[PDB]
Amino acid sequence: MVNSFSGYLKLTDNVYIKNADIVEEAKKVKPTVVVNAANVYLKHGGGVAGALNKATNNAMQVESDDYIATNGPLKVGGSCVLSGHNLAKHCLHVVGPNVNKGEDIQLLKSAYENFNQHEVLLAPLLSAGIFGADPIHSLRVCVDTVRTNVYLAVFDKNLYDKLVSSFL
Ligand SMILES: Nc1ncnc2c1ncn2[C@@H]1O[C@H](COP(=O)(O)OP(=O)(O)OC[C@H]2O[C@H](O)[C@H](O)[C@@H]2O)[C@@H](O)[C@H]1O
């Protein structure tokens with residue numbers, strides 16, 4: 001597939017990065033897969049999840065509530081594929097570890113492995129926000145784990161500028 005992703009810096013053969021709001025990227029590109037940085041309950045309160053959900057006029061949350069009622073919570077490091085609504089064909093909800101609540105940072109690798117089930121993804125840095133993982137570590141795990149084509153949208157300008165001048 002050829003998508004309209006534009007303005008990305010190349011990190012590796014398969015990883016690209018941009019200082020952009022993932023919601024705006026998704027609206028513009030309408031990718032096959034947008035990744036959400038979820039919790040196990042799919043309660044999309046803030047950060048990427050809250051912003052994606054608001055942009056769907058709460059349809060993502062309503063769908064997620066049905067998913068949980070049927071299937072129960074995700075695993076830490078796990079994922080599910082749901083609709084992307086008005087933003088993308090699909091949303092891959094992926095749960096990084098909540099390091100701030102004692103969950104094992106090693107599960108971040110398991111979380112990123114879910115990306116390998118999709119040829120192309122628009123994604124955030126899992127666990128790097130409210131979940132408290134070091135952002136550069138999340139980027140390095142992404143680079144070292146994901147083999148499919150991943151376009152990373154980093155909202156925060158100061159963070160982006162630091163990440164792109166760090167070794168991988
Ligand atoms: N609109 C955005 N576009 C791109 N990146 C963003 C955006 N908003 C935040 N980031 C960055 O995206 C990165 C991830 O920040 P987070 O979204 O907190 O995800 P987590 O995995 O740490 O925490 C999961 C919880 O977050 C939610 O509350 C969920 O419901 C979960 O409970 C950071 O670098 C952010 O600067």
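Throughout, residue positions are numbered sequentially from 1 according to the sequence presented. Read the numbers this way: they start at 1 and go in the same order the structure lists the ligands and their atoms.
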### Task
For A153, counting its heavy atoms only, list the atoms of ligand 1 lying under 4.0 Å from any of them.
4 (C), 5 (N)
### Query
Do any heavy atoms of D156 fall under 4.0 Å from ligand 1?
no
### Summary
Between the CG atom in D156 and the NZ atom in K162, the distance rounded to the nearest 0.5 Å is 10.5 Å
### Query
Under a heavy-atom criterion of less than 4.0 Å, does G45 contact ligand 1?
yes
#### Entry: Closer than 4.0 Å: a protein non-hydrogen atom to atom 36 (O) of ligand 1
no
#### Entry: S127 to ligand 1, any heavy atom closer than 4.0 Å
yes
### Query
Among protein heavy atoms, which sits nearest to atom 23 (O) of ligand 1, and what does the distance come to when rounded to 0.1 Å?
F131 CG, 3.3 Å
### Distance-only N or O hit between ligand 1 and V23, under 3.5 Å
no
### Query
What's the shortest distance from atom 34 (O) of ligand 1 to any protein heavy atom, and which residue and atom give it?
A128 CB, 3.6 Å
### Query
Could you go step by step and tell me if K157 and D161 meet the salt bridge (charged side-chain N to carboxylate O under 4.0 Å, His left out) rule?
CA-CA 6 Å; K157 175 176 184 298; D161 291 344; 2.8 Å; yes
### Query
Is there a donor-acceptor contact under 3.5 Å linking the side chains of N53 and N58?
yes
#### Entry: Close side-chain approach of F131 and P97, heavy atoms under 4.5 Å
no
### Summary
To the nearest 0.5 Å, atom CD1 of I105 lies from atom CG of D134 at 8.5 Å
### Summary
The side-chain contact (heavy atoms from CB on, under 4.5 Å) partners of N14 (sequence neighbours excluded) come to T12, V146, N149
### Task
Could you tell me whether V48 and ligand 1 have an N or O pair separated by under 3.5 Å?
yes
### Query
Any N or O of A38 that comes nearer than 3.5 Å to an N or O of ligand 1?
no
### Message
Applying the ring-ring contact (aromatic ring centres under 6.0 Å, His included) criterion to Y8, which one of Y160, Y16, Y151 satisfies it?
### Response
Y151
### Query
Less than 3.5 Å between some nitrogen or oxygen of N39 and one of ligand 1, yes or no?
yes
#### Entry: Proximity to ligand 1 by part of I130, non-hydrogen separation under 4.0 Å
both
#### Entry: Numbered atoms and elements of ligand 1 in range of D21, under 4.0 angstrom, heavy atoms
1 (N), 2 (C), 3 (N)
### Query
Polar-atom distance check: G129 versus ligand 1, any N or O pair below 3.5 Å?
yes
### Summary
the protein heavy atom lying closest to atom 3 (N) of ligand 1 turns out to be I22 N, 3.0 Å
## Note on the structure
Under 4.0 Å from one or more heavy atoms of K43, ligand 1 contributes atoms 30 (O)
### Task
Give a yes-or-no answer on whether the side chains of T145 and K109 include a donor-acceptor pair shorter than 3.5 Å.
yes
### Query
Nearest non-hydrogen atom to atom 28 (O) of ligand 1 belongs to which of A26, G46, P135?
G46
### Message
Do the side chains of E24 and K27 get close enough for a salt bridge, i.e. N-O under 4.0 angstrom?
### Response
yes
### Task
Apply side chain to side chain donor-acceptor pair (under 3.5 Å) to the pair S64 and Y41, showing each step before the final yes or no.
CA-CA 8 Å; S64 292; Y41 305 110; over 6 Å; no
#### Entry: Element-labelled atoms of ligand 1 that are located less than 4.0 Å from some non-hydrogen atom of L125
13 (C), 14 (C)
### Query
By number and element, which atoms of ligand 1 are closer than 4.0 Å to a non-hydrogen atom of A49?
29 (C), 30 (O)
### Task
Report yes if the distance between the aromatic ring centroids of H90 and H118 is under 6.0 Å, otherwise no.
no
### Enumerated ligand 1 atoms positioned under 4.0 Å from heavy atoms of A37
19 (O), 21 (O), 24 (C), 25 (C), 26 (O), 29 (C), 31 (C)
#### Entry: Quiz item: cation-pi between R140 and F167, 6.0 Å / 45°
yes
